[PDB]
Amino acid sequence: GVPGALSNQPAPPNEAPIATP
Amino acid sequence: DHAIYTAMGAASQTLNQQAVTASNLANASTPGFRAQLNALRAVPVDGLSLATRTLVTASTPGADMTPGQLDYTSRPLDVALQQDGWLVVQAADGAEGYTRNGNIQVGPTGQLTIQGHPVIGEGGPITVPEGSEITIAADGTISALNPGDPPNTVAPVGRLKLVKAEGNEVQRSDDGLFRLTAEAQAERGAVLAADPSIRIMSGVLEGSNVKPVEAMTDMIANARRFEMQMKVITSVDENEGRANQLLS
Amino acid sequence: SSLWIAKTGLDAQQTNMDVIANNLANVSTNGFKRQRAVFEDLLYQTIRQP
Amino acid sequence: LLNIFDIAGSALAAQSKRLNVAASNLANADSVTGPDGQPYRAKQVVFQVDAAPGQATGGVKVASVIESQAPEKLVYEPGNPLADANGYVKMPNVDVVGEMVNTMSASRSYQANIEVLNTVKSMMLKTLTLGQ
Amino acid sequence: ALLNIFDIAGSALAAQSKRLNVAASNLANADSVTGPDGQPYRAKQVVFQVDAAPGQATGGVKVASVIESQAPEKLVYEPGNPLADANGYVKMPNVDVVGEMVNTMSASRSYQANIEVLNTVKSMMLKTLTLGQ
Amino acid sequence: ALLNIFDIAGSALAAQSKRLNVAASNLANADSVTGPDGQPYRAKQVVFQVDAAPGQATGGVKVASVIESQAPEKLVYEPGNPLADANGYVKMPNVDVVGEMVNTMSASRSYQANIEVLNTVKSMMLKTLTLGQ
Amino acid sequence: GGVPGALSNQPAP
Amino acid sequence: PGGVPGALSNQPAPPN
Amino acid sequence: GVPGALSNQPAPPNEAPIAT
Amino acid sequence: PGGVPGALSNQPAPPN
Amino acid sequence: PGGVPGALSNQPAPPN
Amino acid sequence: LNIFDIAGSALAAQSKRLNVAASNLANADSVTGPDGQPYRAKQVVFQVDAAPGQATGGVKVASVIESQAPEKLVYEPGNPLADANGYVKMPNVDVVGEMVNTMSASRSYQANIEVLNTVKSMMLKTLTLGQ
Amino acid sequence: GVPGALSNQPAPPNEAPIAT
């Protein structure tokens, strides 16, 4: 939850589209 | 070990002085403004043996009463006072305050305001008839002419309360208005009567009186003094370390 | 600190600059009343009384 | 207590006093008034030999703190309440370069005396193990 | 009675650690605007007392209580920020950064001095244990 | 996990980094007409809260969320733009330039001050461990 | 007590 | 009677 | 008294006022 | 004996 | 499988 | 002891990235190489180097690639290098990007240096254990 | 092999010609 905690799950990929799909 | 505290006091009060100077510079365009003076007082610590420690305290000793430059605006309600003269307004907390801002405004109901503070006349706050054209004379007299009426029917309505007070008799309140000092209040009374010797010019607004040369010199001096205090702090900080770490 | 004091000063002069730019852009407009910006200092802080 | 310890401690105290005087002077380079309304006159310490029972060699003691006799600086501010009949406000005669150099030299002397005291203490610690 | 130096210097170390922690907490929140309750962060400071029970001559040092620092709250004119006053006067903590940095340095130096005291005292206790041998 | 001073100062560093990132993103998007979709960019703000903590007296800084500023979006008369409304005013972000530079400077100086605090504490930390040996 | 020390573990864990 | 250590008690306090 | 000497009477509380 | 140490003594002065 | 560092991977490009 | 290998790999990788950035800056205005082809900008590829099976590790430079970014075209028909339309291919070097790459690589280089210094001190101190 | 490994055979000489 808090930024800097520990979780057993990898974060989702960081996608940044230029146009709305 | 306690010279670090002397230098820290010097640096903190230099920061306070810089804050005062920056606040003065931020109001270079404020109408009818009085700059806050700054002075570093020295407080000598009184112990028994060698008072070799004297600290610094920043102070603001009143304000600057030198008039600024008058901008000529072709409007009858912008007025400028004589040197060391003050317009009287009813303060925020139902009290009396003095100011140099001659930017008198009117409302839909016809009452005169300065910065939203109603102006005080001989008979109390001055109220002008609703929606009238207003002219201010050279001694505080106010004339009102109804629109679309012969100018012959113009008639005076009241007189502004103009007072005279020096810097020693005047101290700035936290709301930006100037008031009497207690020592001046004891001599000149709680309320200052109108001074008839003050001439007022209609159509000119008084600006601020901050001096750029003094402000720039003060900023340079503050920077250099702060650097010197930091050097003193650093010099004291190494010596104490060595001393303890070694003589243990 | 002094930073925000001077930042408020900078914001006031930019405002005044925007007012002047608006006044100068409306030179040829018919029936335009010039805008004049006035400024006020905020609350004074008393740290120690005289 | 111990002689060399007495000497080094007295000298550390003297150099600390000089450093404090210099720091106070540097703080008050621009001070215009004190509590009574008199100008701040720069302070300087007086060093004297502490060899009262030790012939002509001993530690250093600070005899006194005295106001420097250099003439006070004068600034023309006739509106200042502290201005005299001629309109001159008296400002301190603190020399910035002198005070900075005093701080640096006092720091170096302080460190030298600390090193001397440490070496002497180590020498007595080794003396404590004589013949063994 | 060299054992009491352990208690004295340990209390001093704990008190200086608490003072350094409080100073660092004040420094790290100089730019804060909000607390957990919505109140502005108030700069806090410890109070040092002699850790001496009634009838004890001299002891170490102890932290009596943590108190809010007495200073006017720094007023900022930002009547666009969601947190504001009636006239848009955002209240920011009264932290004096120079004071906090000097406090941190002083706490560190006093801490190190107490550590030296503890070290030399332990060395002396070992000697003393090697009295006749 | 972390020592209390480490956690406080590291939280301060992370919070200042987040504030600097928000300022940089605002300064980059100062002239953006449309965002990912078609809506104008809105200047972001970061809100500092004090980590309540069990101690309360000592606590670092956390950032609850990045809020979107509520200020009059700048209107520029460009009727030819597809994003112009019925009246024809395209919306430009409310990012002020001076405020963001001041924010960048302040965030940098808070970051460096917290770095100095950590650097000062470290020597005392390493010197504590020599007490036992 | 009320204040945890600087050298203590995260009171906030 | 102790007091606040450091900055608060080493800055020139108000008269009263 | 000589600084660094020993006296049976405590030193008086010292003060540094701003205005006399 | 001795006098003011440092800046004041190691500065040229009028003869007196 | 990390890609190019720095400039190329920090520029907005359409996915392919 | 593996930390020496990890941090040395990091230092080598950042040095390679810095050299590629310097090469890009040097030939931003270059026209031709030893052959008749233009200068295509270079970029290193960072990967995670874990020789054993424990997922993570140091960084390694798998390859140096030429960005597929389009080539700048300048109209110079008198140049023998020009194509049928009189255009010459000039490199697509991003100046600001390469300067930022230089500075960021320098900072990462120093961070790895500091890590190496600290862990070297710790490994020197662990030999003192109980003696 | 690996850019920083150990081989027994010397690396071939590297030359930079102006034109090929």
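To keep things simple, chains are lettered A, B, C, D, E, F, G, H, I, J, K, L and M as they appear, and every chain counts its residues starting from 1.
In the analysis below, contacts are C-beta pairs under 8 Å (C-beta built on N, C-alpha and C of every residue); 3 or more make two chains touch, one makes a residue touch a chain.
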Chain pair, H-I or E-H, that carries the greater number of C-beta contacts: E-H
Central subunit by CA centre of mass proxy: F
Centroid distance [mean C-alpha coordinates] between subunit F and subunit A, Å: 19
Separation of subunit H from subunit K, taking each centre as the mean of its C-alpha atoms, in whole Å: 58
Geometric centre distance via CA averages, subunit L-subunit K, whole Å: 14
Subunit H and subunit L: spacing of chain centres that average the CA atoms, whole Å: 57
Sequence positions of subunit D contacting 2 or more other chains: 22, 35, 45
Sequence positions of subunit H contacting 2 or more other chains: 7, 11-12
Residues of subunit B touching at least two other chains: 1-2, 5, 8-9, 12, 15, 41, 43-44, 50, 55, 57
Residue ranges of subunit L in contact with subunit K within the complex: 17, 21, 43-48, 65, 67, 69, 94, 97-98, 100-101, 104-105
Subunit E-touching residues of subunit G, taken from the complex the two chains share: 2-7
Subunit D - residues contacting subunit I, complex: 10, 13, 35-36
Residue ranges of subunit B touching subunit E (in the complex, touch as defined): 1, 4-5, 8, 11-12, 15, 233, 237, 240-241, 244-245, 248
Residue ranges of subunit I touching subunit B (in the complex, touch as defined): 1, 3, 11-12, 14-18
